[PDB]
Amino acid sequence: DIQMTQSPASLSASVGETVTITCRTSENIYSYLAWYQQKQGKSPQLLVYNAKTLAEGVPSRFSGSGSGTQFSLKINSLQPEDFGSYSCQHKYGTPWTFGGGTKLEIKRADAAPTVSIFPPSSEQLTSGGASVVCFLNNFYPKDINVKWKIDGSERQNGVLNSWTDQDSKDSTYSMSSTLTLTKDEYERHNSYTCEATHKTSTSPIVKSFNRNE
């Protein structure tokens, strides 16, 4: 099996900028290389084959180069449509194998997250469980941290986090954090708090609520 190595795994750039994704190979494949583009929630699409040949439909701002064990995809004057995932694949001889892909994200101005905290719904509490939920929405860049506090004391236990992929409308990221307790513990505590730590601010953004109000 031939091993394919793409760099970087993730990359952000402005519309207009030029960009270069590198694909390395564990043993010589001459020029038998294919590049694909996968848009959000879509199937991959052929961009380049034979190292340099663009497929029917592909703009000339795309160019492929390289031979042997090192290859490059260069995108000039990055357009809005060009952002998505990119993967290389050798077509030398079976088994065919792919790189791990490269997420090409849009670079935008820093924005602060819109934070919102939600007590457990009453109908969840009937099942014996309690989930306090917090949304950290529309921020940039993706690096962010959440800190849950109950009655002024942090809790790391019982938390689950999920990030969206970059937004196709406004190029931000969003995040959801969910602190799950047992209902009995939930109702022995008054204050619940959500604290987002983002580079846009020194102090964290604090949302919270009191159960006994």
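Counting begins at 1, following the sequence as shown.
Mean C-alpha B-factor higher for 24-32, or for 41-49? Stretch with the greater average CA B-factor: 24-32.
Check the entry's C-alpha temperature factors for 7-15 and 201-209, then say which stretch has the higher mean. Higher mean C-alpha B-factor in the PDB entry: 201-209.
So if I compare the CA B-factors in the entry for 97, 122, 72, 102, which one is the largest? Spelled out: the listed residue with the top C-alpha B-factor is 122.
Record-listed C-alpha B factor of residue 60: chain third: Its C-alpha B-factor, which the entry lists for residue 60, ranks in the middle third among residues of this chain.
Among the modelled residues of its chain, does the C-alpha B-factor of residue 129 lie in the lowest, middle or highest third? Residue 129: CA B-factor falls in the highest third of its chain.
Third assignment of residue 110 from its chain's C-alpha B-factors: According to the entry, residue 110 has a C-alpha B-factor in the chain's highest third.
Ranked against its chain, the third holding the CA B-factor of residue 141: Highest third, going by the recorded CA B-factors of the chain.
Lowest, middle or highest third - CA B-factor, residue 77: Tercile = highest for this residue's CA B-factor.
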